Amino acid sequence: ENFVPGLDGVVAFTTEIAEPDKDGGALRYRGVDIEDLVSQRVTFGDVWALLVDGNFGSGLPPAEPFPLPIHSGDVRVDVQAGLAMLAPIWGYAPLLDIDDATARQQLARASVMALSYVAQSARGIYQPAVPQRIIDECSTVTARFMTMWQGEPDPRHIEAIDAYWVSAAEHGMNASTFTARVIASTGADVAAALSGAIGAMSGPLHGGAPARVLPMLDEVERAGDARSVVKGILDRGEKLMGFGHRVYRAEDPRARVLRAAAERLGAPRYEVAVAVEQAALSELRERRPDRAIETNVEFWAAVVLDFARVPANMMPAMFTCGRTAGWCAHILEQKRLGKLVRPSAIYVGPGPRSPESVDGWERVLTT
Amino acid sequence: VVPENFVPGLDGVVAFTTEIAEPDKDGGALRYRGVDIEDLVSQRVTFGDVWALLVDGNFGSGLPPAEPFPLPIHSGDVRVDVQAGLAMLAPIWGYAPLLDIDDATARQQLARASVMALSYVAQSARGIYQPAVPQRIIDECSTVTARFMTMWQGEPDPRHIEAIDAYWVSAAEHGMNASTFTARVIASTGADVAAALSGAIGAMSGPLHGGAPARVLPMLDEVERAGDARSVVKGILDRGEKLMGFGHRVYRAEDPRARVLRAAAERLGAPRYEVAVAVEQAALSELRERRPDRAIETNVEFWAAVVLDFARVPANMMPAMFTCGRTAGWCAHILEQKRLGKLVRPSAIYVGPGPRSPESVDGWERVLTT
């Protein structure tokens with residue numbers, strides 16, 4: 001045939017959660033535009049429920065002690081280990097044996113746990129502990145996350161994460177969302193599908209993740225000229241971080257949302273980041289005038305996150321926290337779909353042969 | 001952008017081309033890299049070599065020796081414990097993403113985790129207060145299957161080692177199920193092998209994945225006490241409860257793995273064999289009678305329970321034996337996907353509500369703006 005492996009272009013599901021309108025240049029969560037959500041200052045906790053429940057009203061459960069005091073230096077792996085313990089310790093049941101109401105609670109309870117792991121891991125070990133009453137009296141999950149980590153966080157930094165987390169909560173059917181849907185289609189508990197989605201996310205070729213643009217942003221601040229360093233990186237064989245082929249029809253809606261939030265909150269590195277964007281776009285469009293080149297949302301995601309005191313290696317964990325909303329939305333939708341996800345494969349390998357015909361059969365020990 | 005006779009679940013949609021194995025359902029035969037499983041079992045090819053046959057495409061290599069656990073965490077769920085250990089493989093054992101390693105390193109890292117999961121299952125079935133089996137009497141073993149039964153039972157019956165070899169080889173790989181599909185999707189992103197192996201175990205644990213050995217032990221216990229074999233199954237169907245180990249046809253006529261395991265039970269002289277076949281004759285003849293139109297055949301998971309019980313495996317340790325065997329299918333599909341080197345990313349179609357304002361949503365009354 002002329003088929004493409006990996007089901008490229010093959011329609012697998014039917015969704016009511018969100019529509020990434022690439023032709024129209026807008027992202028809508030259950031019909032509500034994300035530009036409207038960040039502008040009216042809707043916190044990530046509410047957007048989590050809008051994607052999962054299809055409407056507002058419900059929030060997220062409080063923080064609770066860790067199910068396993070794990071700490072290995074890899075926060076992605078720590079959350080997966082804790083997610084495993086949810087069935088024996090917290091009693092998580094398979095999706096087939098619980099109603100939609102129980103599945104929604106365990107998804108929110110697991111979402112809160114993943115954020116508690118990330119916030120605690122960022123606060124230093126020898127730092128004074130944040131009292132539990134200060135944590136439990138926070139208005140939003142975003143505030144609770146920042147207070148558990150920073151103790152007394154800047155309000156402008158809380159708004160930055162709220163802007164980033166709702167602009168990355170859900171973006172269609174990628175590898176991580178597909179993995180959670182396949183595992184949930186088996187009837188396993190929600191922690192197993194969440195642990196599988198996190199494993200798919202750890203792959204470098206999965207997709208979105210804040211770009212490693214800080215060593216370049218620092219270089220522009222020191223040298224002063226952005227055009228020269230942008231020209232240098234492309235001439236010395238290295239690729240340019242945060243800029244490539246287009247994703248939407250034109251500018252990514254999430255790209256302007258995170259740049260407008262950076263200017264609105266007063267990010268110190270905003271002017272350099274804009275100077276970098278202009279030099280990169282002018283240079284990439286000058287060398288390949290046939291390619292459609294737009295700024296990646298991962299470029300301004302790194303700018304916004306770094307403005308909120310987020311280190312580079314913690315940024316991928318920041319994306320995982322926001323994507324819990326999209327993962328839990330598609331897991332519950334798959335549960336209500338009630339259809340196993342099994343494709344097929346065609347065999348092109350060797351035909352029937354005897355065991356003695358196989359290469360290396362003389363080294364096998366039998367009986 | 002529109003549905004077109006669309007069915008959810010990718011049923012029948014071809015996703016990959018594989019050289020690993022072929023479940024010839026229309027022919028009633030299963031082949032690993034072209035070799036029939038009946039040959040592999042009848043000529044007593046150990047599981048370690050079938051593992052190397054599926055992953056490498058030829059014979060020659062083996063599996064690395066056992067080692068201590070990466071994590072002294074044991075919650076009582078061996079499935080969960082193995083997943084937690086698979087996690088620790090990145091920081092403790094240094095497992096790199098598939099995108100940054102060659103086929104040789106990835107092949108080992110798959111084999112090292114495969115032996116890791118076997119030892120997790122192995123000495124989880126041995127009492128800690130029983131005498132620690134000597135470390136050298138394990139080294140004096142030959143096959144991977146033999147070292148498994150040595151770590152668990154201490155003095156394993158040679159007949160039982162053949163039974164495990166018969167079972168694991170039969171269930172080593174069976175095409176494109178959910179657990180194998182999940183392992184390929186995660187591997188298609190470029191992550192490490194331990195993440196892809198952990199994703200398959202999660203999908204394996206779901207009830208609708210199938211393949212887990214059947215809970216036919218109470219039925220076989222009841223038949224032996226009151227010997228009739230037919231009135232025992234006749235009553236169960238009359239009362240309206242499920243007949244375990246029997247149902248739809250997997251292969252078109254007879255599952256070759258069921259034929260292999262039933263013959264392996266008789267060849268090794270399993271005490272439950274005579275009682276087991278009478279239950280098979282009675283259940284099949286009964287199910288075909290109550291439904292003279294539906295194709296009904298013995299499930300391989302019915303004989304898998306007979307064989308595994310003969311090997312002194314408890315009822316709820318049998319699922320871990322399935323996960324142990326399928327490591328060959330998971331690793332071979334992981335390595336093949338690595339060489340394929342293409343991301344799996346399907347698409348979906350939105351049919352939800354059209355564009356609206358945040359105020360026209362049910363519940364905007366209970367929103368607090370930042």
# chains A, B, ... in the order shown; residues from 1 in each chain; ligands from 1
$ select_by_dssp --residues "segment 119-156 of chain B" --states "alpha helix (DSSP H)" --output "list in words"
residues 119, 120, 121, 122, 135, 136, 137, 138, 139, 144, 145, 146, 147, 148, 149, 150, 151, 152 and 153 of chain B
$ residues_around --residues "residue 320 of chain B" --least-positions-apart "5" --cutoff "8 Å" --atoms "only C-alpha atoms" --output "list in words"
residues 78, 79 and 121 of chain B
$ residues_around --residues "residue 310 of chain A" --least-positions-apart "6" --cutoff "12 Å" --atoms "only C-alpha atoms" --output "list in words"
residues 118, 119, 122, 123, 146, 149, 150, 157, 158, 160, 161, 210, 214, 301, 302, 303, 304, 316, 317, 318 and 319 of chain A
$ closest_residue --among "B:344, B:40, B:196, B:275" --to "chain A" --atoms "only C-alpha atoms"
B:344
$ residues_around --residues "residue 132 of chain B" --least-positions-apart "2" --cutoff "10 Å" --atoms "only C-alpha atoms" --output "list in words"
residues 123, 126, 127, 128, 129, 130, 134, 135, 151, 152 and 154 of chain B
$ write_last_selection --atoms "C-alpha atoms" --output "compact mmCIF listing (two decimals), in the first residue's frame"
# COMPACT_ATOMS: atom_id res chain seq x y z
CA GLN B 123 11.11 -14.76 45.63
CA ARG B 126 8.90 -17.70 49.09
CA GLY B 127 8.53 -17.03 52.80
CA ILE B 128 11.20 -14.71 54.16
CA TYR B 129 11.39 -16.81 57.34
CA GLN B 130 12.11 -19.93 55.31
CA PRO B 134 21.92 -20.72 48.80
CA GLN B 135 23.37 -18.26 46.31
CA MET B 151 14.89 -19.24 43.89
CA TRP B 152 11.24 -19.95 44.79
CA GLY B 154 14.54 -24.49 46.59
$ residues_around --residues "residue 306 of chain B" --least-positions-apart "4" --cutoff "8 Å" --atoms "only C-alpha atoms" --output "PyMOL selection string"
chain B and resi 265+272-273+276+302+310
$ write_last_selection --atoms "N, CA and C atoms" --output "PDB file, in the first residue's frame"
ATOM      1  N   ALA B 265       0.289 -31.246  29.731  1.00  0.00           N
ATOM      2  CA  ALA B 265      -0.241 -31.740  30.998  1.00  0.00           C
ATOM      3  C   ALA B 265      -0.202 -33.262  31.053  1.00  0.00           C
ATOM      4  N   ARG B 272      -4.227 -33.714  37.873  1.00  0.00           N
ATOM      5  CA  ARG B 272      -5.538 -33.176  37.540  1.00  0.00           C
ATOM      6  C   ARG B 272      -5.946 -33.435  36.096  1.00  0.00           C
ATOM      7  N   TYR B 273      -5.091 -34.073  35.291  1.00  0.00           N
ATOM      8  CA  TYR B 273      -5.345 -34.161  33.855  1.00  0.00           C
ATOM      9  C   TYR B 273      -6.620 -34.941  33.556  1.00  0.00           C
ATOM     10  N   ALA B 276      -9.465 -33.062  34.357  1.00  0.00           N
ATOM     11  CA  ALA B 276      -9.551 -31.853  33.545  1.00  0.00           C
ATOM     12  C   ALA B 276     -10.193 -32.129  32.192  1.00  0.00           C
ATOM     13  N   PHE B 302      -7.783 -21.962  30.202  1.00  0.00           N
ATOM     14  CA  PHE B 302      -8.278 -23.072  31.006  1.00  0.00           C
ATOM     15  C   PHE B 302      -7.180 -24.099  31.258  1.00  0.00           C
ATOM     16  N   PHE B 310      -0.347 -27.468  38.476  1.00  0.00           N
ATOM     17  CA  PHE B 310       0.536 -28.623  38.604  1.00  0.00           C
ATOM     18  C   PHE B 310       1.942 -28.204  39.015  1.00  0.00           C
TER      19      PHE B 310
END
$ residues_around --residues "residue 279 of chain B" --least-positions-apart "4" --cutoff "9 Å" --atoms "only C-alpha atoms" --output "number ranges by chain"
B: 219-220, 223, 229-230, 232-233, 274-275, 283-284
$ closest_residue --among "B:19, B:194, B:124, B:318" --to "residue 90 of chain B" --atoms "only C-alpha atoms"
B:194
$ closest_residue --among "A:215, A:88, A:124, A:24" --to "chain B" --atoms "only C-alpha atoms"
A:88
$ closest_residue --among "B:346, B:235, B:211, B:319" --to "chain A" --atoms "only C-alpha atoms"
B:346
$ closest_residue --among "A:355, A:244, A:232, A:338" --to "chain B" --atoms "only C-alpha atoms"
A:355
$ closest_residue --among "A:328, A:261, A:341, A:113" --to "chain B" --atoms "only C-alpha atoms"
A:341
$ atom_distance --atom1 "atom CA of residue 49 of chain A" --atom2 "atom CA of residue 251 of chain A"
27.6 Å
$ select_by_dssp --residues "segment 237-331 of chain A" --states "strand (DSSP E)" --output "PyMOL selection string"
chain A and resi 243-245+293-295
$ decode --residues "segment 271-294 of chain A" --atoms "N, CA, C and O atoms" --output "mmCIF file, in the first residue's frame"
data_model
loop_
_atom_site.group_PDB
_atom_site.id
_atom_site.type_symbol
_atom_site.label_atom_id
_atom_site.label_comp_id
_atom_site.auth_asym_id
_atom_site.auth_seq_id
_atom_site.Cartn_x
_atom_site.Cartn_y
_atom_site.Cartn_z
ATOM 1 N N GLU A 271 11.874 42.189 27.001
ATOM 2 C CA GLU A 271 12.407 42.951 25.874
ATOM 3 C C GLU A 271 13.447 42.148 25.100
ATOM 4 O O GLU A 271 13.502 42.217 23.866
ATOM 5 N N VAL A 272 14.277 41.377 25.804
ATOM 6 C CA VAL A 272 15.270 40.555 25.119
ATOM 7 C C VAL A 272 14.592 39.401 24.390
ATOM 8 O O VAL A 272 14.979 39.044 23.270
ATOM 9 N N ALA A 273 13.569 38.806 25.006
ATOM 10 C CA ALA A 273 12.860 37.702 24.365
ATOM 11 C C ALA A 273 12.194 38.151 23.071
ATOM 12 O O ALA A 273 12.188 37.413 22.078
ATOM 13 N N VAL A 274 11.630 39.361 23.061
ATOM 14 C CA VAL A 274 11.049 39.901 21.835
ATOM 15 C C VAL A 274 12.141 40.192 20.812
ATOM 16 O O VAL A 274 11.976 39.926 19.615
ATOM 17 N N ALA A 275 13.270 40.742 21.266
ATOM 18 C CA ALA A 275 14.393 40.974 20.364
ATOM 19 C C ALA A 275 14.905 39.673 19.767
ATOM 20 O O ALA A 275 15.331 39.644 18.607
ATOM 21 N N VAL A 276 14.865 38.587 20.541
ATOM 22 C CA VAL A 276 15.278 37.288 20.024
ATOM 23 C C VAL A 276 14.266 36.770 19.012
ATOM 24 O O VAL A 276 14.638 36.234 17.960
ATOM 25 N N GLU A 277 12.972 36.923 19.309
ATOM 26 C CA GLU A 277 11.941 36.445 18.393
ATOM 27 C C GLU A 277 12.041 37.135 17.039
ATOM 28 O O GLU A 277 11.903 36.488 15.994
ATOM 29 N N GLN A 278 12.289 38.447 17.036
ATOM 30 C CA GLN A 278 12.384 39.173 15.774
ATOM 31 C C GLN A 278 13.609 38.743 14.977
ATOM 32 O O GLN A 278 13.534 38.584 13.754
ATOM 33 N N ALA A 279 14.747 38.556 15.648
ATOM 34 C CA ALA A 279 15.952 38.137 14.940
ATOM 35 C C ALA A 279 15.813 36.718 14.407
ATOM 36 O O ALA A 279 16.242 36.426 13.285
ATOM 37 N N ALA A 280 15.211 35.824 15.194
ATOM 38 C CA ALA A 280 15.048 34.441 14.756
ATOM 39 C C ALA A 280 14.079 34.344 13.585
ATOM 40 O O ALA A 280 14.370 33.687 12.579
ATOM 41 N N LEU A 281 12.915 34.991 13.699
ATOM 42 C CA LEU A 281 11.935 34.944 12.619
ATOM 43 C C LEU A 281 12.493 35.557 11.341
ATOM 44 O O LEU A 281 12.320 35.001 10.250
ATOM 45 N N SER A 282 13.171 36.703 11.457
ATOM 46 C CA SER A 282 13.731 37.352 10.276
ATOM 47 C C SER A 282 14.817 36.505 9.630
ATOM 48 O O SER A 282 14.988 36.549 8.407
ATOM 49 N N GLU A 283 15.550 35.725 10.425
ATOM 50 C CA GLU A 283 16.639 34.924 9.877
ATOM 51 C C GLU A 283 16.138 33.604 9.304
ATOM 52 O O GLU A 283 16.596 33.176 8.238
ATOM 53 N N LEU A 284 15.204 32.944 9.993
ATOM 54 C CA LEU A 284 14.685 31.674 9.494
ATOM 55 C C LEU A 284 13.873 31.873 8.221
ATOM 56 O O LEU A 284 13.993 31.088 7.272
ATOM 57 N N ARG A 285 13.042 32.917 8.179
ATOM 58 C CA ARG A 285 12.271 33.202 6.975
ATOM 59 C C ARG A 285 13.147 33.710 5.837
ATOM 60 O O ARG A 285 12.709 33.698 4.682
ATOM 61 N N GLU A 286 14.372 34.149 6.135
ATOM 62 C CA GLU A 286 15.272 34.634 5.094
ATOM 63 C C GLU A 286 16.030 33.500 4.415
ATOM 64 O O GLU A 286 16.390 33.620 3.239
ATOM 65 N N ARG A 287 16.281 32.404 5.129
ATOM 66 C CA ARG A 287 17.040 31.294 4.569
ATOM 67 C C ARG A 287 16.157 30.257 3.891
ATOM 68 O O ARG A 287 16.602 29.602 2.942
ATOM 69 N N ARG A 288 14.918 30.091 4.352
ATOM 70 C CA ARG A 288 13.948 29.194 3.724
ATOM 71 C C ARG A 288 12.676 29.988 3.461
ATOM 72 O O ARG A 288 11.715 29.924 4.239
ATOM 73 N N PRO A 289 12.639 30.756 2.367
ATOM 74 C CA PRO A 289 11.441 31.554 2.065
ATOM 75 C C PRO A 289 10.236 30.723 1.661
ATOM 76 O O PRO A 289 9.143 31.285 1.515
ATOM 77 N N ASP A 290 10.399 29.414 1.472
ATOM 78 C CA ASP A 290 9.281 28.536 1.155
ATOM 79 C C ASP A 290 8.608 27.973 2.398
ATOM 80 O O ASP A 290 7.401 27.705 2.372
ATOM 81 N N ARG A 291 9.360 27.791 3.481
ATOM 82 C CA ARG A 291 8.800 27.225 4.699
ATOM 83 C C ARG A 291 7.928 28.243 5.421
ATOM 84 O O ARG A 291 8.217 29.443 5.427
ATOM 85 N N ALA A 292 6.854 27.754 6.034
ATOM 86 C CA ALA A 292 6.050 28.556 6.943
ATOM 87 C C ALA A 292 6.647 28.429 8.340
ATOM 88 O O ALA A 292 6.663 27.336 8.916
ATOM 89 N N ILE A 293 7.148 29.540 8.875
ATOM 90 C CA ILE A 293 7.895 29.545 10.127
ATOM 91 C C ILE A 293 7.175 30.452 11.114
ATOM 92 O O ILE A 293 6.945 31.635 10.828
ATOM 93 N N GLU A 294 6.821 29.900 12.272
ATOM 94 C CA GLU A 294 6.162 30.645 13.333
ATOM 95 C C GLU A 294 6.845 30.350 14.660
ATOM 96 O O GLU A 294 7.514 29.326 14.826
#
